[PDB]
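The structure appears right after this line, and notes come after that.
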Amino acid sequence: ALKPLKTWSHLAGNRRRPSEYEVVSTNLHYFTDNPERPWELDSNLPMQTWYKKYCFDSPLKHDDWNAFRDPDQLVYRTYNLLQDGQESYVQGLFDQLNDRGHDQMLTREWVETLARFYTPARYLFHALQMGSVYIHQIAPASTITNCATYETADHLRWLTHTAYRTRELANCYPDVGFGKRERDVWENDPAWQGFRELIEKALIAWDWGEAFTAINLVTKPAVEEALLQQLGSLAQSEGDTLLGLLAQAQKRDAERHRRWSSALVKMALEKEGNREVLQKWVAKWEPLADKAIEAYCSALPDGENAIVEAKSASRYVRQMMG
Amino acid sequence: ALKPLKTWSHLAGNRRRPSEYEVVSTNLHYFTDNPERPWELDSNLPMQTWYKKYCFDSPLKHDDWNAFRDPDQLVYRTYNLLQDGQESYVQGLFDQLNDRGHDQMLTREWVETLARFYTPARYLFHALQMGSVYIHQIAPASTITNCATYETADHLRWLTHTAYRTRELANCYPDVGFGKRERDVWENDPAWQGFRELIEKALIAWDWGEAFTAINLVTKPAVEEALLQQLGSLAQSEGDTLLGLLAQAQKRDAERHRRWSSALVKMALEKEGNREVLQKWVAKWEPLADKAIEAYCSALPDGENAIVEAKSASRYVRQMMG
Amino acid sequence: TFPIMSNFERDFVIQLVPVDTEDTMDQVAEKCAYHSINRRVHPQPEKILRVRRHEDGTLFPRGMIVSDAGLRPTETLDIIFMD
Amino acid sequence: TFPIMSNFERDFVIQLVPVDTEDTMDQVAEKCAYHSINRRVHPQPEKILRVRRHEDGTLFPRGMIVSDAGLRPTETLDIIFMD
Amino acid sequence: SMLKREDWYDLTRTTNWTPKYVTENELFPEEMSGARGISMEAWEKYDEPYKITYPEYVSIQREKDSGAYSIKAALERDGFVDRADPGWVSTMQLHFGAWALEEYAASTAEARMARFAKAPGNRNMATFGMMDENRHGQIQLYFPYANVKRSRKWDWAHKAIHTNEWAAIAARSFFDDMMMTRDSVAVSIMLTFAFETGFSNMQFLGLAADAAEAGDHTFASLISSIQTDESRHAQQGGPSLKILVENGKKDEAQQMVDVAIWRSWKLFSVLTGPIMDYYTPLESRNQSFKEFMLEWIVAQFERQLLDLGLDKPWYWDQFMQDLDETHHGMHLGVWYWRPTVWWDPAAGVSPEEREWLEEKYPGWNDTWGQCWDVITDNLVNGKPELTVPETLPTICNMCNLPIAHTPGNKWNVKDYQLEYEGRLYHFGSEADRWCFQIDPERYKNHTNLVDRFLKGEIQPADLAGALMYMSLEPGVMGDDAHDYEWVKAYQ
Amino acid sequence: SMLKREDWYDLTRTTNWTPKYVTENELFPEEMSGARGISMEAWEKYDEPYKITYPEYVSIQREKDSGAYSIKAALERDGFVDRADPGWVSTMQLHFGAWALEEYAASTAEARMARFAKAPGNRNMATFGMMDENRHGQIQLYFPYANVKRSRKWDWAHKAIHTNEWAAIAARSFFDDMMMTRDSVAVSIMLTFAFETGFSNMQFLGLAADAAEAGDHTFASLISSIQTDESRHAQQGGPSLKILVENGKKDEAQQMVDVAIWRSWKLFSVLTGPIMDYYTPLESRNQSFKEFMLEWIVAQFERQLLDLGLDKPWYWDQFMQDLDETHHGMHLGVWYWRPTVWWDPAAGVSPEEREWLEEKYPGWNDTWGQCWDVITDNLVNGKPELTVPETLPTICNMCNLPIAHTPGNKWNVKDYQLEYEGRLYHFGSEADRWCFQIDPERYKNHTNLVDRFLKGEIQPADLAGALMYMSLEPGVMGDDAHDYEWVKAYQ
Ligand SMILES: [Fe+3]
Ligand SMILES: [Fe+3]
Ligand SMILES: [Fe+3]
Ligand SMILES: [Fe+3]
Ligand SMILES: [O-]
Ligand SMILES: [O-]
């Protein structure tokens with residue numbers, strides 16, 4: 008007869024008693040069990056074709072994608088503890104800086120800057136949301152997908168901040184058109200077209216490998232350095248301390264997404280040819296981001312320098328993974 | 008035989024199903040059951056004498072002190088939910104404003120101001136702690152005591168902020184003597200002697216009635232308007248946004264203490280002679296606070312005006328209760 | 003060797019029964035009973051086991067062989083009680 | 003009427019027993035038993051119930067009255083078995 | 002001061018824009034969105050009735066998990082599982098096997114909508130739905146994990162859906178069809194509307210009551226907590242159907258519902274039916290599976306469908322009829338073939354049990370009762386070998402479930418066969434066959450367990466071979482839940 | 002970035018300063034601080050070993066209450082209380098009565114230290130201690146409150162300490178003495194050190210195990226949660242004793258400990274003793290009250306006392322001896338006088354029970370056994386009236402508990418009487434009397450229940466009068482826990 012085990016059979020002989028994270032996160036996807044017929048239906052179904060092409064056939068290869076582990080070791084239970092605390096602080100910032108009428112203290116100039124450069128971010132942030140939610144559904148292992156799962160939540164989290172803040176701003180300054188104008192700005196403003204091209208094109212890269220690079224190694228650090236780092240230094244030196252703090256709160260999220268992208272890239276390099284593969288994808292996209300960073304930061308005050316710091320910061324992210 | 012009841016016997020016939028607050032807060036002290044012998048021992052024990060004199064014999068009278076109810080309806084369970092959230096926001100402020108090195112950005116002038124006017128507050132805040140913890144142990148009804156219970160926690164809460172912030176400041180500016188100097192400042196600085204007299208003298212008013220007035224209706228609004236409101240407007244316009252926000256966070260606590268003092272005063276006025284009684288106590292102490300506010304705010308920038316606003320604000324508190 | 007699906011009378015379930023291409027209806031019947039009689043259906047020895055194609059009620063004479071029945075592999079057949 | 007504390011032999015507890023100032027030790031004894039014998043102590047009718055002051059073992063003769071015992075109100079007394 | 006949610010909500014879902022640097026169809030491929038030639042702008046009318054924002058989510062759900070986990074911790078050391086009814090233990094080992102990973106796979110389904118739905122409100126809800134199903138998968142592993150030392154059967158909380166044991170294929174057959182292999186708009190109808198709103202929500206309620214009634218408070222809490230999350234993402238089908246109907250596609254809408262329900266029904270008829278009427282002890286029984294279905298599932302579909310401007314499905318009366326029959330079929334199947342499943346099936350045919358059965362379903366002893374009569378006699382008469390099988394049953398090609406129906410004095414077992422491009426297919430009901438016929442492209446070359454046995458894909462091609470192919474060995478292979486205890490009552 | 006607690010901690014307790022506008026003795030009156038002519042600066046050496054800061058407090062304790070309350074909610078509808086052993090139900094109704102309000106009063110004791118202690122570290126800990134005891138009082142009301150519809154007895158969770166029912170006076174006698182009527186430094190010794198560290202902590206552990214073993218998980222959780230808070234404020238006596246001893250006052254230190262323990266011991270001997278050896282069923286019994294006391298309470302006092310540079314109390318051997326005796330006394334008292342208490346006392350003298358009793362305490366049947374023999378015979382012989390009382394027992398003037406000790410074949414019941422200023426006092430042990438003698442000023446004119454009966458303070462001056470004075474009416478007046486069920490076993 009079969010003996011009772013100390014742990015999940017797939018984890019037997021680990022030496023270390025497996026952690027909650029290992030216990031609820033691992034070797035979970037099953038479409039991977041039959042690369043020839045991922046889903047328990049006809050093999051010629053459009054969705055079979057889709058997974059074979061974009062997951063199984065990715066040029067980015069590994070013998071055991073299920074080995075991957077999240078540096079932060081995030082599970083639903085832990086993700087909610089983390090983010091509730093971080094929401095308490097941001098909702099606390101919102102509550103109390105209002106109480107004191109922070110919005111009234113801002114200059115007419117900065118308010119125009121807010122409408123152009125800040126509240127349209129709801130579109131770009133939602134796009135990333137979509138971006139990461141696609142990574143989720145095509146990555147070749149549960150532990151990878153889960154990282155994408157939480158990132159996507161954070162992505163929606165930033166859109167939520169941005170939505171909330173937009174009403175508060177429209178409330179304080181009705182004649183401005185906050186809440187009404189952003190679509191048009193997003194769609195027709197030279198400052199935003201850099202980014203919107205980058206993202207729209209990223210969003211149809213279907214290969215999980217390329218999607219992960221396009222979104223997580225290329226597009227995200229560019230949105231992050233331009234929209235949070237740069238506009239945040241500006242926010243702050245411009246008398247908008249809310250945004251300065253808001254943005255810094257959101258960048259915690261970014262650094263955690265970086266951590267797990269980092270870890271995955273590290274893992275990919277265990278296998279020959281993957282560094283070349285990854286580098287080819289960056290080299291395809293990097294110019295699209297350069298364009299994104301230029302078109303945006305240049306219409307900023309001190310535009311030329313914003314461009315130079317963001318370029319090298321977002322690049323620094325990728326140098327640090329090799 | 009005796010029937011089972013829908014509620015605690017002391018609460019039967021309330022019309023409304025009693026709330027958690029009523030259920031865990033009410034008619035709890037028992038020393039009140041035998042005014043001649045409060046405690047189940049000899050009646051000539053020093054502690055019997057103490058309660059008779061300072062609780063039973065208070066000139067501030069009511070037929071049923073146990074009727075009192077806390078506007079905010081605070082229970083341990085609710086007090087911890089409230090304050091954990093409010094701590095998340097303040098600890099979040101500490102974490103992140105450090106991350107960005109807010110302390111380094113402050114002017115040498117403001118730093119001197121911080122050492123004189125800010126970090127010595129640990130003494131005054133601890134004194135209030137003691138102040139409220141005495142109210143607790145002599146008030147003539149559980150629902151009253153409980154209000155004092157939580158206030159005292161908040162009091163220690165502010166001392167805790169102030170302690171924490173003092174190391175961070177001594178860390179950033181070692182040559183200043185933050186953490187070492189405050190006792191001497193508290194003890195020997197004209198700006199602080201106003202307050203230290205007020206508080207030391209308040210702290211030996213043993214009658215629960217007078218203690219409540221001395222601490223909660225007189226001393227507290229004066230500490231609150233001088234140390235939080237005034238130094239907070241200053242903090243903020245001086246480039247110290249942490250303190251500006253810190254102080255505003257702590258004032259939430261103050262307004263809640265005000266709410267329940269307010270409610271109690273309201274209750275006391277149901278009975279004739281109590282308005283006169285209360286007014287006599289204010290009139291004894293008010294000059295001690297005037298002195299406190301003058302000695303402190305006058306060594307502030309724009310000293311004369313700080314004095315005028317604090318005087319009238321702290322007075323406004325008491326006008327609003329009649 | 004030839005798989006068929008057996009729909010045995012008074013049993014709740016259709017089962018897979020391997021038969022031979024040379025079996026008689028009688029011998030198909032007996033291979034089927036093995037999986038039904040005394041498992042989930044009471045024997046009936048006043049009765050005779052017959053074979054009808056499930057799809058259209060066609061009754062096969064007792065002694066006709068599978069070979070000549072013109073069955074589709076895996077075809078479903080009622081195994082019923084008559085006299 | 004005079005309260006005393008009864009320490010009845012072989013019972014676990016001292017009890018309050020109202021007696022009379024005119025009772026005999028015998029009649030004190032019988033008032034005490036009421037609260038001990040057949041509640042928590044088995045009768046002993048080969049035996050005689052005696053009364054000794056608890057504080058110092060002083061045995062009172064059977065027929066001496068309370069009045070003359072010089073007891074303190076509420077004084078504790080052993081109610082014991084002898085012959 | 003804070004805002005009132007009402008005031009800023011709509012901006013969370015004002016996220017649509019006109020693509021330029023790629024095309025609408027590149028951005029939103031039809032095979033994954035299923036817009037159905039309905040415009041982006043017509044899709045923006047999509048309005049979910051139950052609303053939530055991120056701060057509210059992370060807050061609430063933090064506190065859900067605090068509780069559910071704290072209960073678990075509190076009760077753990079008392080080891081209830083050890084003295085629970087074995088019928089109960091089985092119910093748990095079935096549940097975790099069948100659901101844990103399909104729940105996890107559900108997040109991906111949610112994820113589908115989250116990326117490809119043209120209705121922005123939907124994309125946001127599906128993000129939360131994504132989170133929901135993460136939790137469910139996650140929690141429904143952490144829980145059984147406490148029991149891996151007690152029996153290997155609990156490993157199947159993780160292993161089941163990775164095997165080709167017949168139930169798991171039955172499971173994947175449904176889920177993959179409903180939720181993993183269909184466009185966003187389709188997923189919202191077939192999963193959130195038909196299955197989650199249609200069945201899961203009521204089931205999970207029932208399951209929580211039952212856990213309690215049996216005195217498993219850990220599980221009671223576990224199930225009922227999950228259930229509190231359901232309507233949040235479950236709502237998502239309804240608005241979709243509204244836009245589809247009001248538009249042009251009432252027919253296309255209809256058909257998906259028609260399919261979606263039948264397929265759910267059949268899964269439900271083997272995973273829940275059997276449990277209600279046979280595993281839960283007699284005095285713990287509130288109402289029959291048929292009573293349950295009528296009270297809590299049927300009236301509400303009709304309710305829902307009527308308000309959406311839709312019809313009752315063509316197969317409705319047959320469905321109604323089948324509540325008397327189908328599940329007792331699945332139960333006899335499972336029990337008779339009990340070493341092919343990974344929990345210990347409960348017979349459920351003691352004398353008392355047998356009268357309840359006859360009260361709730363008149364005619365049961367003179368049909369279903371017959372088979373169990375023989376089963377019984379054999380075990381009294383020291384021949385247990387005639388109550389385990391020597392062959393496979395015919396697997397329905399649609400639902401991957403045994404083809405079975407009324408036995409005994411009113412025999413009515415039927416096979417709705419179909420020849421299609423030179424292959425003969427076997428189907429367990431009219432509706433099952435009709436499912437295949439309307440979309441044959443989608444099931445054409447799938448092979449059910451019996452096909453596989455017959456095509457020589459299972460080696461050795463005997464019973465012990467099929468048992469290995471299904472990854473089942475002694476000690477996780479199932480047997481009679483109460484160890485034939487109930488036999489004693491006949492001698 | 003955050004700081005490491007170690008780095009900033011000390012500043013939380015750097016709160017002492019030199020008064021000017023009032024005097025040190027005005028600020029810190031000796032009757033409330035008890036500095037004992039030890040300097041402010043010598044008191045600043047006070048260093049609590051277990052440290053906590055406000056953010057840490059509100060965080061942790063938020064999560065404690067989340068759990069404890071969530072359990073309660075989860076289990077509520079299953080109504081365990083209704084089918085619990087009645088011995089168990091009683092234990093709960095006793096516990097809540099005796100503790101809920103004394104716990105609440107405890108916050109004030111904590112509050113005493115919080116204001117008047119010259120050791121700043123102490124003032125802060127006592128603030129948290131204040132919070133702790135708030136919770137305990139609060140939670141230990143909310144909990145029984147679910148049961149007010151089931152019986153009036155549960156009202157006593159609130160009412161008890163407001164009555165003069167004899168137990169409650171016994172209760173207030175201890176608490177008021179130990180914690181409400183003594184200076185800050187005294188409270189820290191007598192309460193936190195002697196009683197909380199000495200008894201409560203181990204008891205509460207035992208009580209939680211027992212709740213579990215009996216399958217009351219609500220209560221199990223409730224008790225064990227409270228217990229997690231104890232060492233936080235319980236520590237507070239130790240440092241005080243260190244400063245006192247190292248100083249000049251080892252004698253004054255000693256004496257308080259000596260008193261403090263004896264008084265606790267006597268409370269414990271009626272509230273816990275009886276429960277362990279008689280209310281918890283036989284197979285739920287891990288170890289005797291004597292075993293328990295030896296293992297978990299005695300060795301540790303000796304441990305503690307030795308490390309503080311103190312002696313075992315003069316009465317130690319007597320104490321050791323009394324573990325064989327005292328509690329069986331209190332139990333017979335309570336049971337025999339069972340309508341004077343507000344729960345239903347469990348007899349505990351079935352045959353099986355009676356052998357366990359004799360195993361754990363040799364000689365028990367030939368002493369205690371005797372009384373229960375008669376008690377039994379009477380109930381077999383249809384004379385129950387001879388097992389309820391017609392008089393008061395002699396109340397010890399110190400501990401306000403019946404004077405009682407070994408009956409039967411080795412009778413040893415003694416009264417340690419004392420005349421003092423024309424009044425005769427009754428005492429239940431040498432130590433009890435010695436308590437009075439060293440500080441007579443403090444107990445002099447207190448009147449115990451029997452004094453009160455005798456001074457004509459109780460009218461009518463009969464038993465029904467005393468019953469009204471104690472606020473007890475039928476339906477909360479106690480009787481035999483299992484309704485004399487255990488009698489059947491003798492006929
Ligand atoms: Fe789910
Ligand atoms: Fe769901
Ligand atoms: Fe406590
Ligand atoms: Fe305590
Ligand atoms: O769900
Ligand atoms: O405690």
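Protein chains in written order, with the authors' numbering: chain B, 8 to 329; chain B', 8 to 329; chain C, 3 to 85; chain C', 3 to 85; chain A, 2 to 492; chain A', 2 to 492. A prime marks a further copy of an entry chain.
Note that the Cβ used here is the ideal one computed from N, Cα and C, for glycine as well.
Check, Outcome
"Residue 8 of chain C', enclosing beta strand (DSSP E) - first and last residue", "4 to 10"
"Within the segment 325 to 388 of chain A', ranges of the beta strand (DSSP E) (whole runs, at least 3 residues)", "none"
"Residue 130 of chain A: CB within 8 Å of a non-hydrogen atom of ligand 2", "yes"
"Any chain B beta carbon closer than 9 Å to residue 224 of chain B'", "no"
"Interface flag, residue 75 of chain B vs chain A, CB-CB below 9 Å", "no"
"Classification of residue 145 of chain B' by the beta-carbon crowding that lies within 10 angstroms, buried from 16 upward", "buried"
"Distance between residue 8 of chain A' and residue 46 of chain B (C-alpha atoms, nearest Å)", "58 Å"
"Sequence-distant residues of its chain with Cβ nearer than 8 Å to residue 204 of chain B' (five each side left out)", "295, 298, 299"
"Integer-rounded CB distance, given that residue 12 of chain B' should sit under 8 Å from residue 153 of chain A'", "7 Å"
"Beta bridge counterpart(s) of residue 424 of chain A as assigned by DSSP", "A:421"
"beta-carbon residue 494 of chain A' near ligand 4 non-hydrogen atom, thresh 8 Å", "Residue coverage of chain A' in this structure runs from 2 to 492, which leaves residue 494 of chain A' outside it and unanswerable."
"Residue 134 of chain B to residue 259 of chain B' span [Cα, whole Å]", "39 Å"
"Cutoff 6 Å; reference residue 83 of chain C'; Cβ partners in own chain excluding five residues on either side", "11, 46, 49"
"Entirely enclosed beta strand (DSSP E) segments - the segment 96 to 127 of chain B', minimum 3 residues", "none"
"Sequence ranges, alpha helix (DSSP H) only - wholly within the segment 211 to 260 of chain A, length at least 4", "218 to 228, 231 to 235, 238 to 248"
"Residue 280 of chain B classed as buried or exposed, judged by whether at least 16 other C-beta atoms fall within 10 angstroms", "exposed"
"Residues near residue 298 of chain A' in its chain [Cβ-Cβ closer than 8 Å; skip 5 each side]", "199, 200, 203"
"Residue 49 of chain A' CB to nearest heavy atom of ligand 3 below 8 Å", "no"
"Outcome for residue 115 of chain B when other beta-carbon atoms lying within 10 angstroms are tallied against a minimum of 16", "exposed"
"Those runs of the alpha helix (DSSP H) which lie wholly inside the segment 18 to 58 of chain A' and span at least 4 residues", "25 to 28, 31 to 34, 41 to 44"
"Residue ranges of each alpha helix (DSSP H) within the segment 442 to 475 of chain A', 4 or longer", "450 to 455, 464 to 470"
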